[PDB]
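Just the one chain here, laid out as structure tokens, in the form deposited in one PDB entry.
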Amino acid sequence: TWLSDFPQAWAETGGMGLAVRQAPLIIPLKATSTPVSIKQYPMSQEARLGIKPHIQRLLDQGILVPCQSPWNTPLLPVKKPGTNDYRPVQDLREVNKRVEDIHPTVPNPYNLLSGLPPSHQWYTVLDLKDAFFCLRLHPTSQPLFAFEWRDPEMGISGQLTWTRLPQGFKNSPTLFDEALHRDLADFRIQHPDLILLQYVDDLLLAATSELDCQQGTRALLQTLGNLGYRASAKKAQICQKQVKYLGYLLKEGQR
């Protein structure tokens, strides 16, 4: 019963995360960049109704806030089944083009897995839920990611923007990976024998025995919850001799 021993560490019982040790992120623009305001293609009522609940939840969570900004990018209505179940997808390409590039430090999965000794079996896989949203954005950088929002009848101001690292931003994966590495540096030091692989929001903890793995997992969960991150109890693979990680099936003294 891990879900009961670590309420704060699971997305299902700890609530939306927030990396309390990480200073709000400032996003540097290229030297010649100037704000770009792209028109919002009219959205059908169907798409708008499908997206609305997600927008309201984000507003309730403080992840989205009203704003007036010289920047504006289009929101897209993306479905999955056939025409049901929507979710907001922002096209941040014009913003991405104006943000200064950073070095891509996230290792490719092939290389990351090479750091797994055959001696370390007993794997634990955790995926952090709404990872990017756990990282706050400095108020000065928030206007950059604004988009327009119109509600059927009674509609909010006009524009809304993110107060957390957003989806669709070219540097989110890298900034998150680096931030979590900083937050988990001490854990690595306090658990010299454990193996910890990080691929943005996908974590793999490897141990020598089932005991060390259960001990390590308890410690990692406690630490993650403490720092403000949240793992998915639903998808969590705890102390298994076999697990799925980054598209691979780790089994028998390997990976």
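Don't overthink the numbering: it's just position in the shown sequence, from 1. If you superpose the two forms and keep the largest set of C-alpha atoms that fall within 1.5 Å, you have the rigid core. Shifts are known only where both forms have a C-alpha.
Here the subject shifts to the form deposited in another entry, a form of this protein not shown in this document.
Core-superposed comparison between the shown form and the other one: among 182, 80, 93, 138, the single residue whose C-alpha moves by 2 Å or more is 80. Relative to the superposed core, residue 155 undergoes a Cα shift of 2 Å or more between the shown form and the other one. Comparing the conformations between the shown form and the other one, with the rigid core held fixed, yields the displaced runs 80-84, 152-155, 253-255, each spanning 3+ consecutive residues whose C-alpha shift is 2 Å or more.
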